[PDB]
Amino acid sequence: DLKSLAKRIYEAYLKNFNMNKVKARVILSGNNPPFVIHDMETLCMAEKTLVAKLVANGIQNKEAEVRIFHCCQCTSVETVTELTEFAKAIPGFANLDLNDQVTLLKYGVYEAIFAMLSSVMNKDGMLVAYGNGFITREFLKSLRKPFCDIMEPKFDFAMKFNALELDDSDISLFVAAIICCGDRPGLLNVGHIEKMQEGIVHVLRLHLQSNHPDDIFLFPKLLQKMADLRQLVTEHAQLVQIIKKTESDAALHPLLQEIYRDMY
Ligand SMILES: CCCCCCCC/C=C\CCCCCCCC(=O)O
């Protein structure tokens with residue numbers, strides 16, 4: 001039954017996420033090749049094709065860094081929708097009280113986002129806009145403060161995460177395990193969530209044993225990555241709060257504002 005459950009989770013991941021690691025690698029390797037964004041000229045060209053409404057405002061267009069942050073938020077909002085549907089495949093999740101489902105997704109979505117971002121990142125840049133753009137790591141570092149500080153820790157995480165050489169069958173189970181953490185603040189049926197966590201982590205552990213016979217510590221490596229992601233999210237939320245307080249034009253989408261509210 002555990003092998004079947006691993007396959008169910010993998011299939012739910014392939015169905016519900018618009019991007020997966022095979023699809024990303026095909027694009028990153030070289031009919032609609034990605035438009036490369038490496039400077040302000042190519043950002044503005046890319047926007048006019050890929051997000052035309054955002055730059056259709058003349059001198060009322062927002063600052064480039066704020067437009068970029070807006071596009072970052074749109075990607076998060078979409079990934080939150082995909083993760084919410086994916087979670088239905090996790091045994092026990094749909095049997096939880098609605099409020100506990102909300103809490104698990106609230107704390108888990110950005111850990112899952114940054115884990116899955118690794119699949120579209122290499123040391124030079126990342127895919128964006130449903131695989132139709134590639135924005136360089138150096139360009140994002142070139143942005144004015146504080147916006148240059150958003151992505152670099154995520155690239156740092158991803159380079160090490162990618163060196164583990166996971167595939168989508170592994171990542172799907174890892175994302176399921178992120179969602180099933182019984183120590184999230186405010187949970188009301190901790191006991192049932194802990195059993196749900198134990199079950200998915202057992203599936204993950206057996207799958208990694210089978211799929212990565214060469215790396216006998218891969219399961220504890222991934223437990224550590226889960227803790228590293230929690231710290232990355234706490235730090236990310238702190239930076240978002242700086243942006244919120246100090247950048248009046250960088251409006252936060254209400255769904256993400258609710259995720260961040262009372263989080264850490
Ligand atoms: C014209 C395309 C412009 C693309 C800009 C870069 C898009 C980056 C893609 C995904 C960003 C992932 C990080 C999201 C965290 C910041 C936003 C948030 O807190 O939700």
Side-chain angles (χ1 to χ4, degrees), residues 1-17 76 79-118 157 161 164 166-212 215-237 255-256 258-264:
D1 51 329
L2 289 319
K3 187 161 194 255
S4 172
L5 169 53
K7 181 178 181 186
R8 175 216 294 190
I9 296 291
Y10 179 30
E11 285 173 4
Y13 161 103
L14 291 176
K15 182 180 111 184
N16 283 299
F17 295 104
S76 299
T79 309
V80 168
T81 303
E82 298 178 330
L83 283 157
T84 300
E85 178 73 10
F86 172 68
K88 298 183 183 167
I90 299 174
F93 186 88
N95 315 108
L96 298 169
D97 180 285
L98 304 175
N99 290 320
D100 276 348
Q101 299 183 32
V102 167
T103 298
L104 290 176
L105 287 166
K106 173 191 184 69
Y107 282 90
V109 55
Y110 275 105
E111 294 175 11
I113 286 166
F114 297 146
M116 292 185 296
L117 214 53
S118 315
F157 176 89
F161 195 74
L164 304 180
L166 302 183
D167 62 38
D168 291 302
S169 72
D170 309 312
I171 294 161
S172 64
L173 289 171
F174 184 70
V175 173
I178 285 166
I179 290 174
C180 299
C181 287
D183 67 335
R184 300 315 191 177
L187 294 168
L188 71 102
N189 189 351
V190 168
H192 288 182
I193 296 171
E194 287 177 349
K195 303 299 177 179
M196 179 184 64
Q197 173 173 25
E198 187 190 59
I200 284 278
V201 172
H202 185 50
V203 180
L204 173 68
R205 190 181 55 78
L206 294 166
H207 179 80
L208 297 171
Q209 185 179 347
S210 299
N211 200 35
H212 294 270
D215 186 348
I216 65 172
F217 279 88
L218 186 54
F219 175 66
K221 284 174 191 187
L222 288 175
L223 295 176
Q224 179 187 73
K225 295 309 187 188
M226 299 181 52
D228 294 346
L229 284 161
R230 193 177 290 196
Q231 185 63 28
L232 195 69
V233 176
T234 301
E235 296 169 343
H236 181 75
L255 190 80
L256 308 180
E258 180 57 40
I259 288 171
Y260 285 123
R261 201 260 293 144
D262 299 316
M263 191 198 270
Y264 289 114

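Numbering starts at 1 and runs along the sequence shown.
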Colleague: With the side chain counted from C-beta on, respond yes when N95 and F93 share a heavy-atom pair under 4.5 Å apart, and no when they do not.
Modeller: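 They are not in contact (no side-chain heavy atoms under 4.5 Å apart), so the answer is no.
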
Colleague: About how many Å separate CD1 of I178 and CZ of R230, when rounded to the nearest 0.5 Å?
Modeller: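 These two atoms lie 10.0 Å from each other.
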
Colleague: Given the rule in the side-chain contact (heavy atoms from CB on, under 4.5 Å) test, do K3 and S210 qualify, once you have shown the distances and angles that lead to the verdict?
Modeller: CA-CA 10 Å; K3 187 161 194 255; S210 299; over 6 Å; no

Colleague: Between the main-chain N or O of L188 and the side-chain N or O of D100, is there a donor-acceptor pair closer than 3.5 Å?
Modeller: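 Flag set: sc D100 to bb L188 pair under 3.5 Å.
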
Colleague: Looking only at non-hydrogen atoms, find the nearest pair between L256 and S76 and report the distance.
Modeller: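 That closest heavy-atom pairing would be CD2-CB, 4.0 Å.
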
Colleague: If you look at every heavy atom in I193 and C181, which pair is closest and at what distance?
Modeller: CG2-O, 3.9 Å

Colleague: Flag the pair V201 / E198 as yes when at least one side-chain heavy-atom distance between them is below 4.5 Å, and no otherwise.
Modeller: no

Colleague: Start with the C-alpha distance between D170 and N211, add both sets of side-chain angles, then the distance that settles side-chain hydrogen bond (donor to acceptor under 3.5 Å, both in side chains), and finish with yes or no.
Modeller: CA-CA 8 Å; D170 309 312; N211 200 35; 2.9 Å; yes

Colleague: Can you tell me how far OH of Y10 sits from CD1 of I171, rounded to the nearest 0.5 angstrom?
Modeller: 9.5 Å

Colleague: Assess the pair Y110 and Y260: is the distance between their ring centroids shorter than 6.0 Å?
Modeller: yes

Colleague: Does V233 reach the side chain of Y107, with side-chain heavy atoms less than 4.5 Å apart?
Modeller: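 No, too far: nothing below the 4.5 Å cut-off.
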
Colleague: So which heavy atom on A112 is nearest to which on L83, and how close?
Modeller: CB-CD2, 3.6 Å

Colleague: What is the minimum heavy-atom distance between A94 and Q101, and which atoms define it?
Modeller: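 Closest approach of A94 to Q101, heavy atoms only: O-NE2, 3.5 Å.
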
Colleague: Testing the basics here: between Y13 and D168, what is the closest heavy-atom pair and its distance to 0.1 Å?
Modeller: OH-OD1, 2.6 Å

Colleague: Scan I200, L204, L206 and name whichever one has a side chain to side chain contact (heavy atoms under 4.5 Å, CB included) with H202.
Modeller: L206

Colleague: Could you walk me through whether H207 and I9 satisfy the side-chain contact (heavy atoms from CB on, under 4.5 Å) test, starting with their C-alpha distance in whole Å, then the side-chain angles of each, then the deciding distance to 0.1 Å, before giving a yes or no?
Modeller: CA-CA 11 Å; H207 179 80; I9 296 291; over 6 Å; no

Colleague: So how far is it from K195 NZ to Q197 CD, rounded to the nearest 0.5 Å?
Modeller: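 Between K195 NZ and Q197 CD, I get 11.0 Å after rounding to 0.5 Å.
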
Colleague: Looking at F219, is its backbone amide N or carbonyl O close enough to the side chain of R205 to form a donor-acceptor pair, meaning the two atoms are under 3.5 Å apart?
Modeller: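 No, because the side chain of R205 does not come within donor-acceptor range (under 3.5 Å) of the backbone of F219.
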
Colleague: Rounded to the nearest 0.5 Å, how far does CG of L96 lie from CE of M196?
Modeller: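 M196 atom CE to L96 atom CG measures 5.0 Å (nearest 0.5 Å).
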
Colleague: Looking at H192, I want to see if its NE2 is surrounded by more than 12 non-hydrogen atoms of other residues, nucleotides or ligands under 6.0 Å.
Modeller: no

Colleague: More than 12 foreign heavy atoms under 6.0 Å from NZ of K221: is that the case here?
Modeller: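 Yes, NZ of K221 has more than 12 neighbouring heavy atoms, counting only those of other groups under 6.0 Å.
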
Colleague: When rounded to the nearest 0.5 angstrom, what distance separates OG1 in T79 from CZ in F86?
Modeller: 13.0 Å

Colleague: State plainly whether the residues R261 and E258 are in salt-bridge range, i.e. N to O under 4.0 Å.
Modeller: yes

Colleague: Parallel, tilted or perpendicular: which fits the ring planes of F161 and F174, with parallel below 30° and perpendicular above 60°?
Modeller: tilted

Colleague: Start with the C-alpha gap between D228 and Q231, add the side-chain angles, then the distance that decides, and say whether side-chain contact (heavy atoms from CB on, under 4.5 Å) holds.
Modeller: CA-CA 5 Å; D228 294 346; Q231 185 63 28; 5.8 Å; no

Colleague: Assess whether side-chain contact (heavy atoms from CB on, under 4.5 Å) is satisfied between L98 and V102, documenting all intermediate values.
Modeller: CA-CA 6 Å; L98 304 175; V102 167; 5.5 Å; no

Colleague: Quick one: closest heavy-atom pair of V175 and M116, and the distance?
Modeller: CG2-CG, 3.8 Å

Colleague: Enter the distance from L166:CG to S118:OG here, rounded to the nearest 0.5 Å.
Modeller: 9.0 Å

